[PDB]
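Student: This is the structure I have questions about; it appears just below.
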Amino acid sequence: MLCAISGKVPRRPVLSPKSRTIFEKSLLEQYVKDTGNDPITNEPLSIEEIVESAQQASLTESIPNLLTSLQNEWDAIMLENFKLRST
Amino acid sequence: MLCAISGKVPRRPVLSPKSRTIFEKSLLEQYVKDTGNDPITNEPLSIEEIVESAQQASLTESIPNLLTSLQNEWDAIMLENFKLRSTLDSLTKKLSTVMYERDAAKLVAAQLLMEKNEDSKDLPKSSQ
Amino acid sequence: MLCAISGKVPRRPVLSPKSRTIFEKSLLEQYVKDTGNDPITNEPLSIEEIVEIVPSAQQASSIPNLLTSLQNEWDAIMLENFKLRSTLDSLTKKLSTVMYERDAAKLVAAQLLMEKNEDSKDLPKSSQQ
Amino acid sequence: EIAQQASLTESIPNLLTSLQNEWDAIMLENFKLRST
Amino acid sequence: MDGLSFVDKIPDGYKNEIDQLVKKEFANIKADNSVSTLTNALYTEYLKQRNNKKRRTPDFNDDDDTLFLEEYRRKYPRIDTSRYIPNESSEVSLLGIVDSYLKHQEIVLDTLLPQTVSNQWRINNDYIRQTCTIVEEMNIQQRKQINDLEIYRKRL
């Protein structure tokens, strides 16, 4: 949603395969043409290394997020027992 | 923004360096343990080769997470995949009807290529 | 359920607070009295640095693995749906490329039948006269 | 940052009501320890 | 195999006539555990496994198992008020930021629609130039043929 170099909303996001971070294409290309590196971790990265199937997706809403929700329910209830056991 | 195995919106997305395709961590870790290769391009890939926030507003009426939400998730999983098996069986029947009518049309053109040129040749022989 | 010095089942499992590896109280104390170090990473370690008890207190020795089992069975559901949709779209390409080419090859016959028909009437009107 | 043995419950609709019972029991095993 | 599409300007009766020729040739030639077993059976029967609605059913002045039921209702109300208290503290703001995430995802799909639309037009654009050139080669071939048929009768 943001570009880690500038802070703007990227209109052409490309993700680097050395430090995973969503960079804007026109910004990161100038960073790579300056020196052949990734701006976060200073590891080597080329222009072909930066990259912009069939199973359709749906939005993350309240199966997987429901299973991680019940983790939060119980891990909080587990702390509620410690407030009781220590008292 | 999505996972390229399940069709999720990942919470801990990881990207592979042999083919850059963003996958959710648990699903890509499961594939490399099953058969140690990239699922998309079938190239060599390992767990160490992988390179590592989303908000979901819970509903105001959040008993329902145990009863009503959880039944609808395992209903929608069950009905969709069965309808998807019904989708995969029908196309393989429609694949057979495609190739048979294709090979039927090939025999038409093979029959008619002998008909047309010999009909034109008999027009050239007619002049003599 | 193994020590990281000899490999025995630890009856008093102790751990060094420099490199996280559960040892046994007898062997790690004999290593520390030998040289004041950690056996795995060779960092500085003492006897008082070691944590030496079973930890159980205010804890009361189910629920949790049932959600973990529900995660594990969904993991198979997601992998099966991928290979099932992959075979769906791949033959839909075979379905589409055939049906377009079938109607394209169908137009070959409509052109070829009309030319064959023209050569029939041309020759018959000529061979008559 | 410092034995893993997988549960193999039994030989799926019953596992739904098993989870329903365990959250029902844990809610009561939490409530009884508070009024005490 | 060579059937001109843009060039041939082919009636619906020719489609019916050619299909009968194809139909006449057609007459001549003539990985899971037990979860998959439950999911396939439930979808084939179309029946869903029943959840426990007993917590809605509970009533006063009932036995010891239902005393467990009413205390279950108290723990559910305290959890429900705690869950409602987090949402109130968060405010709409939390529903607002997830909506901004959805607009960014939706825009990426529309760009993929233009990329495919631009490429499918380009494949058609290359095909259209080939059809027009294949038209003139066929038309010149037909004109030369009609000359030869007329000339051969004239010489004889």
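Every number here is computed from the coordinates shown, using simple stated rules; none is lab data. Reconstructed Cβ throughout: ideal geometry from the backbone, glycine too, with neighbour counts over all protein chains shown.
Student: Can you pull out the residues in region A:33-79 that are at the interface with another protein chain (Cβ under 7 Å from one of its Cβ atoms) and of a type in the set (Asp, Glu)?
Tutor: The answer is A:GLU61, and nothing else.
Student: Being of a type outside the set (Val, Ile, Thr) and either touching a strand residue (DSSP E or B) at 6+ places or on another chain (Cβ under 9 Å) or surrounded by fewer than 14 Cβ atoms within 10 Å (Cβ to Cβ) (or both) is the requirement here; does E:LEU67 meet it?
Tutor: Details: of a type outside the set (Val, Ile, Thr): yes; either touching a strand residue (DSSP E or B) at 6+ places or on another chain (Cβ under 9 Å) or surrounded by fewer than 14 Cβ atoms within 10 Å (Cβ to Cβ) (or both): yes.
So E:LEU67 fits the description; yes.
Student: Name the single residue, out of those in region D:1-16 being surrounded by 13 or more Cβ atoms within 10 Å (Cβ to Cβ) and assigned to a helix (DSSP H, G or I), that is nearest to the other protein chains (Cβ to nearest Cβ). Steps first, please.
Tutor: We begin by selecting, within region D:1-16, every residue surrounded by 13 or more Cβ atoms within 10 Å (Cβ to Cβ); these are D:12-13, D:15-16.
Subsequent filtering for residues that are assigned to a helix (DSSP H, G or I) retains D:13, D:15-16.
Numbers: D:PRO13: 4, D:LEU15: 8, D:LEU16: 6 Å.
Looking at the filtered set, the residue picked out is D:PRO13.
Student: Among the listed residues E:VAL92, E:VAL7, identify the single one that is closer than 30 Å to E:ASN139 by Cα and more than 8 Å from every other protein chain (Cβ to nearest Cβ).
Tutor: The conditions single out E:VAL7.
Student: Exactly one of (1) loosely packed, with under 10 Cβ neighbours inside 10 Å; (2) within 14 Å of chain B (Cβ to nearest Cβ) is unmet by E:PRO114. Its number?
Tutor: (2)
Student: While we're looking at this one, here's another question. Report yes if B:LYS94 is over 20 Å from C:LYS116 (Cβ atoms), at the interface with chain C (Cβ under 10 Å from one of its Cβ atoms) and in contact with a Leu (Cβ under 8 Å, 6 or more places away or on another chain), otherwise no. Break it down stepwise before answering.
Tutor: Values: over 20 Å from C:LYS116 (Cβ atoms): yes; at the interface with chain C (Cβ under 10 Å from one of its Cβ atoms): yes; in contact with a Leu (Cβ under 8 Å, 6 or more places away or on another chain): yes.
Yes.
Student: Being surrounded by fewer than 17 Cβ atoms within 10 Å (Cβ to Cβ) and assigned to a helix (DSSP H, G or I) narrows it down to one of B:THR41, B:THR92, so name that one. Spell out the reasoning first.
Tutor: Working: B:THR41 fails: assigned to a helix (DSSP H, G or I).
After applying the criteria, what remains is B:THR92.
Student: Then there is this: Which of the following residues is exposed (fewer than 10 other Cβ atoms within 10 Å of the Cβ) and under 29 Å from B:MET1 (Cα atoms): E:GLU106, E:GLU91?
Tutor: On the way: E:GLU106 fails: exposed (fewer than 10 other Cβ atoms within 10 Å of the Cβ).
Selected residue: E:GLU91, the only one of E:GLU106, E:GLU91 that is exposed (fewer than 10 other Cβ atoms within 10 Å of the Cβ) and under 29 Å from B:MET1 (Cα atoms).
Student: Could you tell me which numbered condition E:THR57 fails, if it satisfies all but one of (1) of a type in the set (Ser, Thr, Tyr); (2) within 30 Å of C:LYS83 (Cβ to Cβ); (3) more than 8 Å from chain B (Cβ to nearest Cβ)?
Tutor: Against the list (1) of a type in the set (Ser, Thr, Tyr); (2) within 30 Å of C:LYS83 (Cβ to Cβ); (3) more than 8 Å from chain B (Cβ to nearest Cβ), E:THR57 comes up short only on (2).
Student: Regarding region C:16-29, can at least one residue be identified that is of a type in the set (A, V, I, L, M) and part of a helix (DSSP H, G or I)? Lay out the reasoning, then the answer.
Tutor: Kept after step one, since they are of a type in the set (A, V, I, L, M), are these residues of region C:16-29: C:22, C:27-28.
From the residues that got through so far, the ones that are part of a helix (DSSP H, G or I) too are C:27-28.
Yes, that holds for at least one residue.
Per-residue answers, yes or no, for (1) farther than 25 Å from B:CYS3 by Cβ; (2) not polar (S, T, N, Q):
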{"site": "C:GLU29", "(1), (2)": "yes, yes"}
{"site": "C:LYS33", "(1), (2)": "yes, yes"}
{"site": "C:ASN37", "(1), (2)": "yes, no"}
{"site": "C:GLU49", "(1), (2)": "yes, yes"}
{"site": "C:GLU73", "(1), (2)": "no, yes"}
{"site": "C:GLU80", "(1), (2)": "no, yes"}
{"site": "C:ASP103", "(1), (2)": "yes, yes"}
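Student: Here's a follow-up. Give the residue that is farthest from the other protein chains (Cβ to nearest Cβ), with candidates limited to residues of region E:10-30 that are part of a loop (DSSP other than H, G, I, E, B) and under 24 Å from E:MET138 (Cβ atoms). It would help to see each step written out before you state the result.
Tutor: The initial filter retains those residues of region E:10-30 that are part of a loop (DSSP other than H, G, I, E, B), namely E:10-11, E:30.
After this cut, where a residue has to be under 24 Å from E:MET138 (Cβ atoms) as well, the list is E:10-11.
On the way: E:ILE10: 6, E:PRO11: 9 Å.
If we take residues in region E:10-30 being part of a loop (DSSP other than H, G, I, E, B) and under 24 Å from E:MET138 (Cβ atoms), then E:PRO11 is farthest from the other protein chains (Cβ to nearest Cβ).
Student: Something else: Scan region E:40-58 and give yes if some residue there is at positive phi and either in contact with a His (Cβ under 8 Å, 6 or more places away or on another chain) or not in a helix (DSSP H, G or I) (or both), otherwise no. Steps first, please.
Tutor: To start, the set of residues in region E:40-58 that are at positive phi comprises E:46.
Okay, now just the ones that are also either in contact with a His (Cβ under 8 Å, 6 or more places away or on another chain) or not in a helix (DSSP H, G or I) (or both), so E:46.
There is at least one residue in region E:40-58 that is at positive phi and either in contact with a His (Cβ under 8 Å, 6 or more places away or on another chain) or not in a helix (DSSP H, G or I) (or both).
Student: Cβ-Cβ below 8 Å, separation at least six or inter-chain, first residue in region E:88-107 and on the phi < 0 side of the Ramachandran plot, second assigned to a helix (DSSP H, G or I): which pairs?
Tutor: Sorted first by the residue in region E:88-107, then by its partner, the pairs are E:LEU94/E:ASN87.
Student: From the list A:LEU27, A:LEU79, exactly one residue is in contact with a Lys or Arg (Cβ under 9 Å, 6 or more places away or on another chain), in a helix (DSSP H, G or I) and among the aliphatic types (A, V, I, L, M). Which is it?
Tutor: Numbers: A:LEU79 fails: in contact with a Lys or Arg (Cβ under 9 Å, 6 or more places away or on another chain).
Going through A:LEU27, A:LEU79 in turn, the sole match is A:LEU27.
Student: Any idea how many residues of region D:2-27 are over 13 Å from the mean Cα position of the chain (by Cα) and of a type in the set (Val, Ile, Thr)?
Tutor: 2
Student: Follow-up question, since we're still on this one. Counting just the residues of region E:19-56 that are of a type in the set (A, V, I, L, M), surrounded by 10 or more Cβ atoms within 10 Å (Cβ to Cβ) and more than 31 Å from the chain's Cα centre (by Cα), which one comes out nearest to E:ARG74 (Cα to Cα)?
Tutor: E:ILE29
Student: Identify, from the list E:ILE123, E:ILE128, the residue that is surrounded by fewer than 10 Cβ atoms within 10 Å (Cβ to Cβ) and of a type in the set (A, V, I, L, M).
Tutor: Working: E:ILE128 fails: surrounded by fewer than 10 Cβ atoms within 10 Å (Cβ to Cβ).
Going through E:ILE123, E:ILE128 in turn, the sole match is E:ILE123.
Student: Please state which one of E:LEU102, E:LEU149 is assigned to a helix (DSSP H, G or I) and touching a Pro at 6+ places or on another chain (Cβ under 9 Å). Step through it out loud before you land on a result.
Tutor: Details: E:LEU102 fails: touching a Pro at 6+ places or on another chain (Cβ under 9 Å).
After ruling out the rest, the residue left standing is E:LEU149.
Student: Filter region C:45-89 down to residues that are more than 8 Å from every other protein chain (Cβ to nearest Cβ) and among the small types (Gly, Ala, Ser) and give me whichever is nearest to the chain's Cα centre (by Cα).
Tutor: Checked region C:45-89; the qualifying residue nearest to the chain's Cα centre (by Cα) is C:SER61.
Student: Another one. Restricting to region E:36-45, name every residue that is more than 8 Å from chain B (Cβ to nearest Cβ) and not β-branched (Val, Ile, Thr). Walk me through it before giving the result.
Tutor: Restricting attention to region E:36-45, the residues satisfying the condition of being more than 8 Å from chain B (Cβ to nearest Cβ) are E:36-38, E:41, E:45.
Within region E:36-45, E:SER36, E:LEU38, E:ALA41, E:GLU45 meet the criteria.
Student: Shifting gears a bit: Looking at region B:102-117, can you tell me whether even one residue there is under 21 Å from the mean Cα position of the chain (by Cα) and loosely packed, with under 12 Cβ neighbours inside 10 Å? Break it down into steps so the answer makes sense when it comes.
Tutor: Step one: list which residues in region B:102-117 are under 21 Å from the mean Cα position of the chain (by Cα), which gives none.
Within region B:102-117 (the criterion being under 21 Å from the mean Cα position of the chain (by Cα) and loosely packed, with under 12 Cβ neighbours inside 10 Å), the answer is no, since none of the residues qualifies.
Student: Just to be sure before I move on: is E:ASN33 closer than 30 Å to D:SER18 by Cβ and facing chain B (nearest Cβ under 8 Å) in the structure I sent? Give the derivation first.
Tutor: Values: closer than 30 Å to D:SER18 by Cβ: yes; facing chain B (nearest Cβ under 8 Å): no.
So E:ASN33 does not fit the description; no.
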